[PDB]
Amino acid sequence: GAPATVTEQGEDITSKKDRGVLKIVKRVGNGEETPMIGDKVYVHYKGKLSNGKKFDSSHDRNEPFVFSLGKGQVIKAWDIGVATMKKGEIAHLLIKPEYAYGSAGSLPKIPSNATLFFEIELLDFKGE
């Protein structure tokens, strides 16, 4: 399914080239502009453990998920990944534990050493 496709075909968008954050563009966005650190960003997303034991959606409250980019308000893989996206874009990310919740995890919700998968739609981004 979606996670395996990203494993075998996804682009490694880490600085370190450690395959910690892999990305496939599923729908192309508008213009050339991607968000800057500190930009207010607006998304819709679905996410899951790659196990599939826990699943999560902004769609399951009909209201976009909003955060300031590059401030570590979200896991590192999102600050990396959403920074590569254009307004209108839909992307898939597959994320190793080092760029998500690590060896500590986030119990009881996220186990130790969990791999995560997200589908993300970048709706909009606005300056600080």
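Residue positions are given as counts along the sequence shown, with the first one as 1.
Per-stretch averaging of Cα B factors for 54 to 62 and 70 to 78 places 54 to 62 on top. Mean CA B-factor, 28 to 36 versus 41 to 49: the higher value falls on 28 to 36. Taking only the listed residues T14, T115, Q9, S112, the entry reports the highest CA temperature factor at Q9. Among the modelled residues of the chain, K87 sits in the highest third by CA temperature factor in this PDB entry.
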